[PDB]
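Colleague: One structure follows; several queries about it will come next.
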Number of protein chains: 2
Amino acid sequence: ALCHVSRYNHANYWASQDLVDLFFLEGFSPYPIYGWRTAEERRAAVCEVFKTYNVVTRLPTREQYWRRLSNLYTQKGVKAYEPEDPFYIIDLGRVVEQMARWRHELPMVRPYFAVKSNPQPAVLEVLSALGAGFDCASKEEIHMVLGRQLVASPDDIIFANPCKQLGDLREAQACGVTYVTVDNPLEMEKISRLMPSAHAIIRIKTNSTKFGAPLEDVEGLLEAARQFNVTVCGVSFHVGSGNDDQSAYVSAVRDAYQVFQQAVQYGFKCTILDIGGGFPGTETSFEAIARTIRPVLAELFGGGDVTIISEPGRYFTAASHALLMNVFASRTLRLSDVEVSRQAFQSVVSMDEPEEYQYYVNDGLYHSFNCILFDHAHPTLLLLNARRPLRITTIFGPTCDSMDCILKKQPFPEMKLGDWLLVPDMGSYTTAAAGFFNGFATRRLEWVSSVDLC
Amino acid sequence: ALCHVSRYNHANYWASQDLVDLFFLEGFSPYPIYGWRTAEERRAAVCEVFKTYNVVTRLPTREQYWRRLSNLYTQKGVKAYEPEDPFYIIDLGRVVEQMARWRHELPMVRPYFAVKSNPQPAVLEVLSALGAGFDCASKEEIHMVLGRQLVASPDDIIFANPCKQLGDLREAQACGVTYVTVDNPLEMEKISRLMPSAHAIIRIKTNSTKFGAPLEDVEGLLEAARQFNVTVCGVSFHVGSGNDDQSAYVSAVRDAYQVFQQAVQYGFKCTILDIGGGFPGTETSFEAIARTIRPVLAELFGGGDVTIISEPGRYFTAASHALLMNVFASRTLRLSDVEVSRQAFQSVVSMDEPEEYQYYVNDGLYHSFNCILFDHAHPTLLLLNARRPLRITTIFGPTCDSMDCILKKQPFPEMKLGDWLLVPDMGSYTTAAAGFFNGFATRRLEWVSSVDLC
């Protein structure tokens with residue numbers, strides 16, 4: 001459907017610091033910590049990134065915290081940007097908390113953050129300081145990771161795209177990366193021809209239709225790898241967020257074990273297992289998924305000769321953002337008699353006056369709110385603010401296009417010009433896929449650290 | 001649906017300049033030319049733009065011309081960019097021809113090009129040289145128009161957004177632009193309080209959900225304008241990219257005349273008539289639309305007191321661009337028995353072997369091909385270049401998103417890694433709304449001139 005407004009649907013619409021501290025304490029589990037930094041170097045590096053971006057440690061539920069921050073920063077902005085411009089509130093402490101959670105729940109797995117989730121430099125810097133690996137799907141992301149000197153060696157970068165361009169392969173081989181992912185024999189030929197130092201990883205299909213080799217064709221994939229003198233030492237799979245069944249992960253791990261046996265039959269001694277991303281980044285919770293994944297990994301890849309990695313994307317940056325919007329235009333329209341009857345029966349809006357209240361905010365579908373179509377997401381609009389009766393609303397974007405319709409004829413509290421709209425959990429594939437249509441953009445950013453580090 | 005592939009659907013799928021010259025011949029119509037330049041200065045300015053952007057004159061159907069140009073500029077890359085990278089072929093001669101066609105069909109109307117269609121500097125500069133007005137929907141586009149010194153005075157810029165932000169109005173008043181568009185009395189109050197030296201233009205609804213005041217509420221609009229000491233001298237309307245027929249244009253202009261009479265009754269003497277955009281850019285033809293709308297303008301606004309303007313967007317930059325894509329990855333899959341039966345009855349590809357072909361190109365839905373959703377467009381894929389059996393193809397994009405699919409399970413000639421895909425008529429809202437997901441972008445541009453004005 002459209003943006004979720006279930007927070008305002010009835011007439012009476014009124015009404016881990018310990019984990020992070022544990023994470024920065026090792027140097028628990030018998031597995032070595034991620035990254036080349038020691039215990040003292042990681043904390044120093046994260047504090048250095050915090051100082052570099054001058055984040056503010058605003059210690060604290062989550063909706064109340066976001067509302068308080070939005071009020072404070074709106075007041076601050078009222079007192080290089082306009083006070084009515086949209087802005088983000090990046091909680092860089094949330095990324096640290098997510099890494100602490102991943103270390104606690106999956107200590108045997110080293111995440112390789114998907115840079116495609118948000119290529120924002122601050123999150124990359126803090127993740128590299130935390131010891132995370134990096135997951136580049138293109139030569140551009142490889143350059144951002146290497147150009148910022150976030151990795152000591154290119155061995156912490158995986159060319160996770162199973163279908164890479166020839167120039168991308170040339171740049172990756174020149175830059176010195178080694179880990180790549182494959183799904184078809186033609187990619188084996190390309191990798192052998194243009195990148196001889198690669199450590200190819202086979203991507204196996206899971207129970208989408210674009211990536212992942214079928215379990216039957218993995219034998220032909222291994223045959224092509226052997227024929228083309230390609231060193232295969234890994235198997236990867238990605239299920240994507242949306243698979244409600246918790247058995248998809250264990251089925252994929254079983255398929256990976258079968259592929260490992262097939263590779264062993266081909267003289268390939270694989271040492272890398274990649275379980276992909278798709279983990280939930282918001283509070284099927286991540287704890288249940290980890291409790292499902294852990295035992296099969298222990299009883300199948302518990303020998304210690306295979307390193308288990310992952311490429312979690314939105315998991316790290318799901319709860320780290322909060323977009324704020326200003327309503328700057330409003331008008332009321334009459335309704336037809338036919339439309340009046342339907343709304344009276346269902347909607348809790350008072351239909352004495354057939355009025356449709358239309359509002360315009362300064363961020364729409366051609367920008368950060370592009371996740372409605374590209375990501376199939378339904379974010380939660382929140383009005384920070386005399387009874388405010390529930391009128392049927394159609395919240396438009398700033399762009400003159402008529403399709404900028406983040407809301408359409410749904411009940412919502414009465415809003416006037418100058419009010420702010422808060423959209424929590426707006427960090428996954430929001431500004432990465434954002435387009436510069438009409439010239440509007442959420443250029444302003446604010447840096448907040450929910451946890452205390454410095 | 002999806003990208004149009006009707007060019008390849010049966011088993012055997014094998015098998016201007018004079019008007020532009022007339023356009024630069026003002027020193028035949030009783031209307032003065034557009035712009036502050038003369039005949040001897042417009043040609044010099046456009047030749048200066050061509051020299052500045054190194055535009056090359058290519059001389060000649062449109063499909064064959066685009067194929068020839070694609071061959072020429074494709075076997076030219078392997079001889080700062082990779083040869084296997086996507087690129088555009090911008091034909092500014094097409095923009096010049098579109099302007100000449102507009103001048104011939106509607107000599108009484110001065111276009112004000114919608115910068116939102118493509119904010120590319122070359123098209124803006126060539127249009128300013130041609131004498132076009134400019135149509136800025138945001139302060140950013142105002143700055144691009146003014147920053148490049150394209151307009152002698154800000155009187156050639158219309159703040160065509162009927163709902164403008166406060167900072168945008170402040171910048172517009174500071175810059176010196178006067179013409180604005182209004183929809184609701186709240187906008188009247190905002191403009192009066194913020195933009196004192198304005199010439200408001202009422203936007204009337206066309207037989208529309210987002211913009212356009214209803215014909216009944218124009219009374220309240222005029223009352224608010226008079227109450228807030230707002231000077232209104234124009235009425236505007238936008239129809240949309242596609243509609244029923246020219247009867248919409250006739251109804252809209254008659255409603256505009258009625259609103260003009262209402263304003264005259266409300267002590268307001270108007271002098272501006274804006275008929276909006278939505279005209280066809282590709283080849284309901286534009287000539288029929290002009291032949292319909294000319295007589296009503298002649299018999300209704302033929303007194304000469306009111307100047308008729310327009311804001312045509314895609315009309316100028318529809319047939320200008322031509323995107324090219326490279327197939328760098330491919331694989332073959334299986335089909336279910338149920339799915340096999342469906343294709344046997346309708347698909348012309350022999351379904352004896354359940355072969356599903358999946359290809360990958362370097363431009364997808366997160367980029368230039370974003371017009372499929374944001375614009376509801378179906379561009380025509382063309383394979384430039386033995387036998388080419390039809391197969392069930394699924395042309396994906398470069399991004400690793402599952403939904404980045406421009407064509408799904410449709411017949412198409414057999415493709416191999418290295419072939420190019422030509423997509424003509426890709427200049428309207430393609431690179432303007434294009435994002436930067438995964439770091440992929442069509443950075444390379446090539447400049448051609450179908451016409452020879454130099």
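Colleague: What gaps in nm, shortest first, separate B:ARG68 from its twins in the other copies when you place the label 7 Å past Cα toward the beta carbon?
Modeller: Taking the point 7 Å beyond Cα along Cα→Cβ, the inter-copy spacings are 7.1 nm.
Colleague: Highest mean first, how do A:128-137, A:366-375, B:344-353 rank when packing is the count of other Cβ atoms within 10 Å averaged over residues?
Modeller: Details: A:128-137: 25.4, A:366-375: 22.9, B:344-353: 12.5.
Highest mean packing first, the order is A:128-137, A:366-375, B:344-353.
Colleague: Related question: List the distances, in nm and shortest first, from the label point of A:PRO295 to the matching label points in every other copy, placing each point 7 Å from Cα along the Cα-to-Cβ direction.
Modeller: 8.3
Colleague: In chain B, which residue puts its Cβ closest to the axis that turns chain B onto chain A, and how many whole Å away is it?
Modeller: Result for the B and A rotation: B:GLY435, 2.
Colleague: Turning to a different aspect of this structure: Could you work out, residue by residue across B:350-358, how many beta carbons of other chains sit within 10 Å of that residue's beta carbon, and then give the average as an integer?
Modeller: Details: counts 0, 0, 0, 0, 0, 0, 1, 0, 6.
Mean partner-chain Cβ count within 10 Å for B:350-358: 1.
Colleague: Run the quick spin-label model on A:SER247 and B:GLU355: label points 7 Å from Cα toward the beta carbon, then report their separation in nm to one decimal.
Modeller: Result: 3.6 nm between the two label points.
Colleague: Report, by chain and number, residues whose modeled amide H sits under 5 Å from the one on A:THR178, excluding near sequence neighbours (fewer than 5 apart, same chain).
Modeller: It is A:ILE157, by chain and number.
Colleague: Just to check, using Stokes-Einstein with a Kirkwood Rh over alpha carbon pairs, what's the diffusion coefficient of the stretch A:10-115 at 10 °C and 1.306 mPa s in µm²/s? All intermediate terms of the calculation are to be shown ahead of the outcome.
Modeller: Working: Rh = 16.9 Å.
Rounded, D is 94 µm²/s.
Colleague: Sorting A:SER192, B:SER450, B:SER336 on the 10 Å Cβ count, fewest up front, what's the list? Walk me through the numbers before you get to the answer.
Modeller: Numbers: A:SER192 18, B:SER450 23, B:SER336 9.
Starting with the residue having the fewest Cβ neighbours, the order is B:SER336, A:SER192, B:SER450.
Colleague: How shielded is B:359-369 by partner chains, expressed as the average number of their Cβ atoms within 10 Å of its Cβ atoms?
Modeller: On the way: counts 1, 7, 0, 3, 0, 0, 3, 6, 2, 0, 0.
Partner Cβ neighbours, averaged per residue: 2.
Colleague: Using amide H atoms built 1.01 Å from N in the peptide plane, name the residues 5+ places from B:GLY302, or on other chains, whose amide H lies under 5 Å from its own.
Modeller: HN-HN under 5 Å from B:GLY302: empty list.
Colleague: Here is a further query. What does the average come to when, for each residue of peptide A:427-437, you count the partner chain Cβ atoms lying within 10 Å of its Cβ?
Modeller: Details: counts 0, 0, 3, 0, 2, 6, 10, 3, 11, 8, 12.
What the average comes to for A:427-437 is 5.
Colleague: Another question about this same structure. Can you figure out the FRET efficiency of A:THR57 with A:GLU287, using R₀ = 22 Å and their beta-carbon distance, to the nearest 0.05?
Modeller: Details: r = 27 Å, r/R0 = 1.21.
For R0 = 22 Å, the calculated efficiency reads 0.25.
Colleague: Restricting things to alpha carbons, find the Rg to Rh ratio for the stretch A:262-304 using the Kirkwood radius for Rh. Working shown, then result.
Modeller: Values: Rg = 13.9 Å, Rh = 12.6 Å.
Using only Cα positions, Rg/Rh for the stretch A:262-304 is 1.10.
Colleague: Arranged from highest to lowest average of other beta-carbon atoms within 10 Å per residue, in what order do the peptides B:410-417, A:285-292, B:175-182 appear? Don't skip to the end; give the middle numbers.
Modeller: Numbers: B:410-417: 18.5, A:285-292: 14.9, B:175-182: 22.1.
Put in order of decreasing packing, that is B:175-182, B:410-417, A:285-292.
Colleague: Something else now. Over 28 Å between Cα atoms, which of A:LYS210/A:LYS409; A:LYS190/B:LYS409; A:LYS190/A:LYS269; A:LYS164/A:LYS269; B:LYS164/B:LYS269; A:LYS210/A:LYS408 qualify?
Modeller: Values: A:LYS210/A:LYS409 36 Å; A:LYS190/B:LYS409 26 Å; A:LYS190/A:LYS269 22 Å; A:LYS164/A:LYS269 24 Å; B:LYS164/B:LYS269 24 Å; A:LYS210/A:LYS408 32 Å.
Pairs exceeding the cut-off: A:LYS210/A:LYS409; A:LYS210/A:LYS408.
Colleague: Let me ask something else about it. Please give the residues of the stretch B:93-131, grouped as numeric ranges, whose backbone N is less than 20 Å from a label point set 7 Å along the Cα-to-Cβ vector of B:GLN149.
Modeller: Correct set: B:121-131.
Colleague: Here is a further query. What shape does chain A take by its C-alpha gyration tensor, where a ≥ b ≥ c are the square roots of the eigenvalues and a/c under 1.5 counts as rounded, a/b above b/c as prolate, and the rest as oblate?
Modeller: On the way: a/c = 2.10, a/b = 1.72, b/c = 1.22.
Because a/c hits 1.5 or more and a/b exceeds b/c, chain A counts as prolate.
Colleague: Another question about this same structure. At 222 nm, what helix-only mean residue ellipticity would chain B give, in deg cm²/dmol to the nearest 500, using -39500 (n - 2.57) for each DSSP H run of four or more? Write out the running numbers ahead of the final one.
Modeller: Numbers: 14 runs with 149 residues, N = 454.
The per-residue figure over chain B is -10000 deg cm²/dmol.
Colleague: Dimensions of the protein assembly as shown along principal axes (Cα, Å, largest first)?
Modeller: 91, 71, 52
Colleague: Roughly how far apart, in whole Å, are the Cα centres of the stretch A:420-454 and the stretch A:11-65?
Modeller: For the stretch A:420-454 versus the stretch A:11-65, the Cα centre distance is 19 Å.
Colleague: Calculate the spin-label point distance for B:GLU26 paired with A:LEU417, positioning each point 7 Å from the Cα along the beta-carbon direction, and give it in nanometres.
Modeller: If labels sit at A:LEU417 and B:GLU26, their model points lie 3.7 nm apart.
Colleague: Another question, then. Whole-Hz ³J(HN,Hα) for each residue in the stretch B:339-352, computed from phi via Karplus 6.51 cos²θ - 1.76 cosθ + 1.60 with θ = phi - 60°, x for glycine and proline: what do you get?
Modeller: Coupling constants for the stretch B:339-352: 5, 4, 4, 4, 6, 4, 6, 10, 5, 7, 6, 4, 8, 4 Hz.
Colleague: Right, next: Can you give the Kirkwood hydrodynamic radius of the stretch A:94-315 from its Cα pairs, in Å with one decimal?
Modeller: Computed over the stretch A:94-315, the radius equals 17.5 Å.
As a convention, Cβ positions derive from the backbone with ideal geometry for all residues, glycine included, and neighbour counts pool all protein chains shown. Bear in mind that the values in this text are calculations on the coordinates, not laboratory data.
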